[PDB]
Each structure stands twice: as structure tokens, then as C-alpha cells.
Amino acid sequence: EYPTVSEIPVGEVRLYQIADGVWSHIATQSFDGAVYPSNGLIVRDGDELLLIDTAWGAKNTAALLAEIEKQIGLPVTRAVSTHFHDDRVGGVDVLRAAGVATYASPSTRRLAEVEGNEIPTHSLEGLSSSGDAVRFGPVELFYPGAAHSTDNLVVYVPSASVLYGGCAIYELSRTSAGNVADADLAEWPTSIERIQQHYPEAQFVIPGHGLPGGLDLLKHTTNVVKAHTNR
């Protein structure tokens, strides 16, 4: 029942309740003539919401805010971007204009600036070394090491046993490597192993693109990465 890329027109956003107080958000964009989905997360924080990642662009992110207001009706007070690419920070200016406090690691902020992307306002401390974790409202943020990008973070919701892998974790249906231009292929498997080690109790694992599953998505990603490595 997870919404698929064929059931969301570009410009629209769907929410999917994963567990009590936890949703993913799903949006789409076209790339090179194909249509791709992208996921983020929404976590209830008392009477407010924590947003993880934009909906991939300004128009989608405006739609996200409208959909959250319509369906949930609680204010989004903070947002965290999990890496510097446009499916994570594209829409930050929209969030900021709407009064949402935007956050990312200093590593993400630097890379976004170099790329000419939107730059979250606030810097997250305590995430500079592989294996570092910090609590952020109702979630834990974890830097597993370089993988899909050098800055990628994962997010865990301990109340719900939900692990949001972002773009460091691939869905099962992805059989070959995606965008690896900014990746550290050599470190990626090691970084995945850190995630497995730190969150062995995860019940739901959400990739940055595509269908959720369980912890098997980690080994799946390792397999695809290692196949690409040996191309």
C-alpha cells in the first residue's frame, strides 16, 4: 500500500503513516525522461513536527507543507537535511520562508554551498566522525561514515523502531548503482555495517528512494555497491 512513483504526479506529495507519530513523505521528479520517487520522514514531537528532508524541490516542498497542514495539522518547527543533494535541501528556502528552522551538519552545509544548492540555516554539532550519534528531538541522528555521499546521515526513531537510511540505503528493487558521483564506494560497505551495528533492532527501514522494507535493505545495498565496485 506504499505509494509508488506511478501514482504521484510531479508537483504532488503523499504521506504514508509508518507507525504512530511517524510518516514518510513521497514526492516525484522527472530525470532524463524517467520519473523517480523520493522519500523523507515526518516525526511527531509533542504538539509539533520534525521534518526530515525536503520533498525534492521548491514546488514539491510547498505541496508537502500544504499536505502536512491538511492531513496532520501540527506545525513543522524544524527540518533536518540528511545530505547536500537537491532531494534533501531543494526546498530549504521554502521551508525557511514558512518559519521552519532548517538544520544540517557543517559538512552538508559546506558541500551544498560548493554545489550552489540551498543551504540549511543551522549547523548540527557532534556528527563529524564515523559512528557519531546525537539526539535531536524525537530522533537520533547518526553519521555512519561516507557512503552515498561524504556527509550522509541516517535517522532513527526509537519510539517506533524506524530507521531512515536516506540515499545511503537502496530499495530492494534497485539492482544497480544509482548516482554515485559523490559517493565513497570504498567506505560505503563499512558505513553500512556501522548502521547495522548501531540499529540492530530496527523494524522498518526507509530508503531515500522507493519502498520501505526491513534490515535486509542494508545487505542489499552492500551487494549492489560491491558489484558496482567490481565493474
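For the two forms, the rigid core is made up of the largest set of C-alpha atoms that agree within 1.5 Å on superposition. Residue numbers run from 1 along the displayed sequence.
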**OP:** Output the stretch, either 170 to 178 or 32 to 40, that has more C-alpha displacement from this form in 9 other deposited structures of this protein following superposition by the rigid core.
**Re:** 32 to 40
**OP:** Can you let me know which of the two, 3 to 11 or 222 to 230, has the higher average C-alpha B-factor in the entry?
**Re:** 3 to 11
**OP:** Would you determine, from the values in the PDB entry, which of 64 to 72 and 187 to 195 has the greater average C-alpha temperature factor?
**Re:** 64 to 72
**OP:** Please work out which residue in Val155, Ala97, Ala104, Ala146 has the highest C-alpha B-factor recorded for this crystal structure.
**Re:** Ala97
Original post:
Highest Cα B-factor in the deposition, which of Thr108, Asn117, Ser159, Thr121?
Top reply: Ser159
Original post:
Taking the C-alpha B-factors as the PDB entry records them, is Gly91 in the lowest, middle or highest third of its chain?
Top reply: middle
Original post:
Among the modelled residues of its chain, does the C-alpha B-factor of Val139 lie in the lowest, middle or highest third?
Top reply: middle
Original post:
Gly46: which third of its chain by C-alpha temperature factor?
Top reply: highest
Subject >> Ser38, C-alpha B-factor rank within chain (lowest, middle or highest third) >> reply: lowest
Original post:
Lowest, middle or highest third: where is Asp151 by Cα B-factor in its chain?
Top reply: lowest
